[PDB]
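To start, the structure itself, in structure tokens.
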Amino acid sequence: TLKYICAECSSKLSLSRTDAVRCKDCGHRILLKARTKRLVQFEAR
Amino acid sequence: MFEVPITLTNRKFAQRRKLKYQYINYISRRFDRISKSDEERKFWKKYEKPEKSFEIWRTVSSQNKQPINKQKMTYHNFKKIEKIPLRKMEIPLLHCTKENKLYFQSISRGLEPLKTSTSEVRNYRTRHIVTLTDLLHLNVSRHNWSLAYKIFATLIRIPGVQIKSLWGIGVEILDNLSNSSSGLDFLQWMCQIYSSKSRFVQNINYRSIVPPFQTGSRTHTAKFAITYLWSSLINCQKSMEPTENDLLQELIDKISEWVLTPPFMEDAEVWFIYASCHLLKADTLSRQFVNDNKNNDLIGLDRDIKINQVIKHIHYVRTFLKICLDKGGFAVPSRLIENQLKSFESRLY
Amino acid sequence: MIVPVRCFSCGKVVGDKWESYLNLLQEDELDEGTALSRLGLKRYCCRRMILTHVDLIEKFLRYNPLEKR
Amino acid sequence: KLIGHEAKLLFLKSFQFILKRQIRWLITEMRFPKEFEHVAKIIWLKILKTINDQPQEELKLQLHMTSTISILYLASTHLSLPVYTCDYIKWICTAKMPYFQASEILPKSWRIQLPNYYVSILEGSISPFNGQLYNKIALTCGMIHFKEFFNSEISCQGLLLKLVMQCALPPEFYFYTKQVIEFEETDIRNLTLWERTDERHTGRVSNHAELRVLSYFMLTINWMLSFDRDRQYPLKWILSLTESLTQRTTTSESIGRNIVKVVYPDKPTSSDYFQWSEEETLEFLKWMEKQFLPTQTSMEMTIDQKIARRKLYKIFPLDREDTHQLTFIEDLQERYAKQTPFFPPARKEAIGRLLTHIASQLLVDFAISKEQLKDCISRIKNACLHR
Amino acid sequence: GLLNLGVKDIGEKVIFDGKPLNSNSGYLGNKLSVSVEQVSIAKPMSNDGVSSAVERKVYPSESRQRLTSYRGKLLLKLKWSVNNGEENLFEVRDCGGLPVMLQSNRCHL
Amino acid sequence: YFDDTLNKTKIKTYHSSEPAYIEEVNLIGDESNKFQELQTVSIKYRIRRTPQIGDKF
Ligand SMILES: [Zn+2]
């Protein structure tokens, strides 16, 4: 499930290519792309 | 018995209105001649729309345009006008249902229908809603607070509510509901729900929302938005002068946002209610600097910065009361407010 | 940002001495000098590490967008 | 989105499904095992048989809001578990049926099947008037040829019981009316469900068995009490029954009958509407906050309007900004006790007064005909005097 | 505020329709003196989609995240004086989005 | 992204002297009339700066 957070409502959501880019709980038009459990390697320096 | 929340089963009523108007344009046309769907829009274009209020009440004193029209009605003269419009109503009367044939033949005789159209609809959803609308009106007519809002709260969850009685029983139910909510909130939610900053009147057959009690944001004031400001100043008065305060400022800046467009735009209580909130803000500051010269023995307290802040405001208010008069505002009995304001000045001395 | 792990100059682990030190200025109502003396930061490299710290993370943390407000 | 034959197929399908959902709540409610379930299946299997035959482009078969319950009614007749008026009132009162709203589906999609002008025209169009359910049942029987396939339908010594307990339940009028039924009521034989009124004019042959049962019921009461020479039923006794009757709460039943009254129809209960005995008012709003809770899940608002709506409900959220009331046989007991002091022109008037009341009650559960009922009454009146 | 004094200094702008009239044929094709009485500035609001909607206060965080201006609708009460007084016309005109100073008496903050 | 004219999945390449990490992806439909397809996105990169020879202090 892809996720997109409402910049103004904190409500988690899962946008689709078939829906309006808006917070369904707030109505905002700005969305932070949520971080997920994805592996990234790091040199501990 | 009470007024229902819904668009009126649009089925027979819409063709009864065709036959009514079509006859009225036919009979009237031949009155205009003796004097020498679209029909329904033309009937209103022949008598204009309804200003923002209710009944085109306007004085009763200016123009004595004499009407003695000579009664001018010889049973014989009425049946000369009528003998031809009725035969032209039969063309369309045949294509109409048997119920609408006699409904037309009743209203064309001048009989009125004791058959309330909202006393026959038999639609589940609608069915109930009539029971709830009447239930809540019989419960506020005995002040049953704990049961009236249960019925009110269910009435809006069913798909059939246009602000309507929701904004007019939704506020008192919250005044009678000593518990949760200040019609205010609900009132400010309504204001944002129906700003209708768009100037729409006339044109189409307003047959779904015809009460100057929802609509506006054009010119025709909204009355829940005027009630929001009036309830808000009365909500400011209680236990003031008897940083968490702000309310009398919140109300100064929530009209400031307006400053005419539709409300500023249109005059009155808008201006007047604003001045009244402003006049109350001048009294509180005379009290907070009143009793026995301000509080007491003098002020020494750096001259009177507080008197100058108040005289600025008294001079400002008098500007708002004056522009509300000048712009046609009949609302304000100026004589009393000016005497109160001067006798109050005499407290500030 | 956050109390450094070790004193840049010396090498002494310092990240353990923050909350107690703050507690010791609160709880023990001590003075910074005596508090660090009881904490063992007996070198100015280790003294300065904590003395100069500005745990600005508390100011950052109030901007957390992952909770409603 | 669709139309013609294939639209007709899923219109068909959807009809298929809701009836199925109807039947299983059926089982949960009264729990009457495989039996209730399978008989109902094949009943519609039989109904489907006919639809396929006159197919080609036959679109006469979209089922009436009523056809579904007629089906369940007929099948219940296959088994003979209950009654019609009772079933109908119970169903409306508890929304036991998914009958009134057709959004359930499982269609979200069947909904969109751009329910053409078939799928949309279903599950909840309106409430039955007069026969309504009495005429469709006959049509179903005709298509069904139900009587041949069906054993002992419309009978039920249970409707008589339901009726006596219904009110002035007299440990004697059950046998009285059973006896007049015995009498000329189809040569002392349990009334069977009428036939497959094939004809489309749906004449009022008056063969719907129950309709006649209620008629015998009414008749019995006034005859009986209209000739109790021995004076077994005291003058002051008759009005006491009608008295106590004077509507009272209901361990569920009377509350239900109020809910049915609220189809506001011929104004016999309309006024009950306004009167609505205090609490009756209250337990009413209770049943509204529970059973029109799903008045609708959905769409609209376009990622806002919805929010606004939520906020609004937010605001006047409310819903709370002897267990007290009693059961059915409790009320029943207490009014037969309320009459338990048992041991000219006025009584005739009282008798007429009482009969109008029952006319209200029995008529109100059913398609009434503030005349047909009467017509029905008239009919057997005539039937009777051939002694 | 200063801005109303500014509009008090701009005074009038007069134009004559070459009022024909057939002095009435060269002494005024009817004077029309247009001026501006007040000028109003509102705090940033945003209406969704069109305008038939209820507006919301617009916050600077929004302008930065959107990387856009932080505009307030500028309005001014227009005075349309005809024939030196033959006709008075008022108009609240919206003059586009004026960039508002943050933390000003016109910024929500 | 995908442009029907090219019937191709095309990409905007990253142009820098050093690698970074994607810090924020911000979806902007704002000030738009509809634009529901989310055609404007602001992406913030976090580029670490280690103390190094030649850096001014
Ligand atoms: Zn160190």
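Residue numbering for chain A follows Swiss-Prot, covering 26-70 in order.
Per the header of the entry, the method used was electron microscopy, 4.2 Å.
The backbone N, Cα and C atoms fix where each Cβ goes, and this holds for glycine too.
Swiss-Prot lists A:31-51 with the feature zinc finger. Among the features that Swiss-Prot reports, Zn(2+) binding site is placed at A:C31, A:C34, A:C48, A:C51.
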Least surrounded among the binding-site residues, given as A:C48, A:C51, when other CB atoms within 10 Å are counted: A:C51
Other same-chain residues whose Cβ falls within 8 Å of the Cβ centroid of A:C31, A:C34, A:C48, A:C51, the recorded Zn(2+) site, in sequence order: A:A32, A:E33, A:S35, A:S36, A:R47, A:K49, A:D50, A:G52, A:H53
Secondary structure composition of the zinc finger (A:31-51) [DSSP: H/G/I, E/B, coil]: 0 helix, 1 strand, 20 coil
Cross-chain proximity of binding-site residues to C (CB under 8 Å), evaluated over A:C31, A:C34, A:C48, A:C51: A:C34
